[PDB]
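Chemist:
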Amino acid sequence: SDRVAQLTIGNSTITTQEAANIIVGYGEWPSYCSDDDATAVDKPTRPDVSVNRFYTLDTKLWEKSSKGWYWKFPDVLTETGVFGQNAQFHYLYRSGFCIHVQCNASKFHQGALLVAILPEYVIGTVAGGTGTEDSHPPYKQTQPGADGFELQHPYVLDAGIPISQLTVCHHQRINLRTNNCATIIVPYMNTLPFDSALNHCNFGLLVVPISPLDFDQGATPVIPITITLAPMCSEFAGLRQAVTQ
Amino acid sequence: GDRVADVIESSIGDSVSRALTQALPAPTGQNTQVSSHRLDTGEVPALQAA
């Protein structure tokens, strides 16, 4: 009674037969903002099922020489659904998340992925290599949407911080002998009770193969990874025209 | 005149039709209850065995 899970939120439902468990981030469940903590006087709209539901972004292919990918939140859902219109039409935003990563393979494949949630994953540059240039990353690479961006130097996570110590944040491991899902439930993390979804990204989702995928030819060489994510306890406030960026 | 235990402990001659079911009144369609999000493990009401 642990390797099976049914995540039901809204009009969506994910079944799993080869789960590990559910991680709840920093031991806090997602919630709404108190009256003590709030400052804005406007009454926020709390749409409970039209945005709190599972969305499915795109697929990335785990090849042999794959290095890793990251997805910035909530940039993934600003052009997608009733969530991504309210985020455009409003100035503020506050939601938790339930991330779900799927990678199914046989009992003759092997490999491991680290699926980590790093708050405030600020991106660095190679400084031209020499270290002389104070270069900055482009908007394509800082906020890449739902198609994600691949890491060039995954040992340092493209920020100068090591992959080894990333298990101090939230994480699960997708070991193809043991599991094919990873469920992480994230609360809202910010110094502020509310912030804008289009300028500030609250956290990043790292997917890194620590162990390389291996199979003997004859098997299926195409092993996708699909990110599936639900907002939770979402709140919006400050209504004006729709702006994309 | 039953004396052995192989005939006292018998189910032969059991004419009562043992049923697993029970017909209950259904004058109207079944009503719907309010339901919320579930984010738990162990219980999977969507996975069946036909």
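If you read the sequences in order, they're chains A and B. full-length UniProt numbering numbers the first residue of the first sequence as 79 and each following residue consecutively. full-length UniProt numbering numbers the first residue of the second sequence as 566 and each following residue consecutively. Cβ atoms here follow ideal geometry from the backbone N, Cα and C, with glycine treated the same way.
Which residues does DSSP list as the beta-bridge partners of residue 597 of chain B?
Modeler: By 1-based counting over the second sequence, the position of residue 597 of chain B is 32. The partner list for residue 597 of chain B (beta bridge, DSSP) is empty, contrary to what the question assumes.
Chemist: Going by DSSP in three states, residue 241 of chain A sits in which element: helix, strand or coil?
Modeler: Residue mapping note: residue 241 of chain A aligns to position 163 of the first sequence, counting from 1. Looking at residue 241 of chain A - three-state DSSP - the assignment turns out to be helix.
Chemist: For residue 174 of chain A versus residue 266 of chain A, is the C-beta spacing smaller than 8 Å?
Modeler: Locating residue 174 of chain A in the first sequence gives position 96, where the first residue counts as 1. Locating residue 266 of chain A in the first sequence gives position 188, where the first residue counts as 1. Yes, the Cβ-Cβ distance between residue 174 of chain A and residue 266 of chain A is below 8 Å.
Chemist: Restricting to runs no shorter than 4 residues, where is the alpha helix (DSSP H) found entirely within the stretch 130-174 of chain A?
Modeler: If we require 4 residues or more, the alpha helix (DSSP H) runs fully inside the stretch 130-174 of chain A come out as 161-167.
Chemist: Along chain B, which residues have their Cβ under 7 Å away from the Cβ of residue 153 of chain A?
Modeler: To locate residue 153 of chain A, count along the first sequence from 1; it is residue 75. Ordered by position in chain B, no residue passes the 7 Å Cβ test against residue 153 of chain A, which lies about 24 Å from the chain.
Chemist: I'd like to know if residue 574 of chain B contacts chain A, where contact means its C-beta is closer than 8 Å to some C-beta of that chain.
Modeler: Here residue 574 of chain B refers to the residue found at position 9 of the second sequence. Taking Cβ atoms only, chain A never reaches closer than 8 Å to residue 574 of chain B, which makes this a no.
Chemist: Name, in chain order, the residues that DSSP records as bridge partners for residue 259 of chain A.
Modeler: For the purposes of this step, residue 259 of chain A is identified with residue 181 of the first sequence, where counting begins at 1. Bridge partners of residue 259 of chain A: A:180.
Chemist: So, is residue 107 of chain A buried or exposed, given that buried needs 16 or more other C-beta atoms within 10 angstroms?
Modeler: Locating residue 107 of chain A in the first sequence gives position 29, counting from the first residue. With fewer than 16 Cβ atoms within 10 Å of its Cβ, residue 107 of chain A is classed as exposed.
Chemist: List the whole-angstrom C-beta distance separating residue 184 of chain A from residue 297 of chain A, where the pair is believed to meet the contact cut-off of C-beta under 8 Å.
Modeler: Taking the first residue of the first sequence as 1, we reach residue 184 of chain A at position 106. Taking the first residue of the first sequence as 1, we reach residue 297 of chain A at position 219. Contact flag correct, Cβ pair sits at about 6 Å.
Chemist: For residue 279 of chain A, which of A:299, A:311, A:308, A:222 has the nearest alpha-carbon?
Modeler: Translated into the one-based positions of the first sequence, residue 279 of chain A becomes position 201. Looking at the Cα atoms, A:222 is the closest of the given residues.
Chemist: Look at the alpha carbon of residue 125 of chain A and the alpha carbon of residue 601 of chain B, and state the distance between them as a whole number of angstroms.
Modeler: Counted from its first residue, the first sequence places residue 125 of chain A at position 47. Counted from its first residue, the second sequence places residue 601 of chain B at position 36. One C-alpha to the other measures close to 14 Å.
Chemist: Measure the alpha-carbon distance for residue 231 of chain A versus residue 145 of chain A and round it to whole angstroms.
Modeler: Here residue 231 of chain A refers to the residue found at position 153 of the first sequence. Here residue 145 of chain A refers to the residue found at position 67 of the first sequence. Computed Cα separation, rounded: 8 Å.
Chemist: Using a Cβ-Cβ cut-off of less than 9 Å, list which residues of the stretch 587-608 of chain B approach chain A; keep chain order.
Modeler: From the stretch 587-608 of chain B, only 600, 601, 602, 603, 604, 605, 606, 607, 608 have a Cβ closer than 9 Å to chain A.
Chemist: Which bits of chain A does residue 611 of chain B rub up against, with CB to CB less than 8 Å?
Modeler: Residue numbering aside, residue 611 of chain B sits at position 46 when the second sequence is read from its first letter. Correct list: 84, 91, 93.
Chemist: Name the chain B residues whose beta carbon is nearer than 8 Å to that of residue 97 of chain A?
Modeler: Stepping through the first sequence from its first residue, residue 97 of chain A is reached at position 19. Those within 8 Å of residue 97 of chain A in chain B are 606.
Chemist: Quick one: residues in its chain with C-beta nearer than 8 Å to the C-beta of residue 190 of chain A, no 5 flanking neighbours on either side, listed in chain order?
Modeler: By one-based count along the first sequence, residue 190 of chain A stands at place 112. The residues are 251, 252, 253, 254, 287, 288, 289.
Chemist: Quick check: what's the CA-CA separation for residue 291 of chain A versus residue 177 of chain A?
Modeler: One-based indexing of the first sequence puts residue 291 of chain A at position 213. One-based indexing of the first sequence puts residue 177 of chain A at position 99. Taking the straight line joining both Cα atoms gives about 23 Å.
Chemist: I believe residue 91 of chain A touches residue 83 of chain A by the beta-carbon criterion, under 8 Å. Please report the beta-carbon distance rounded to the nearest angstrom.
Modeler: As a first step, residue 91 of chain A must be located in the first sequence, where it is residue number 13. As a first step, residue 83 of chain A must be located in the first sequence, where it is residue number 5. Incorrect: roughly 11 Å between the Cβ atoms, too far for contact.
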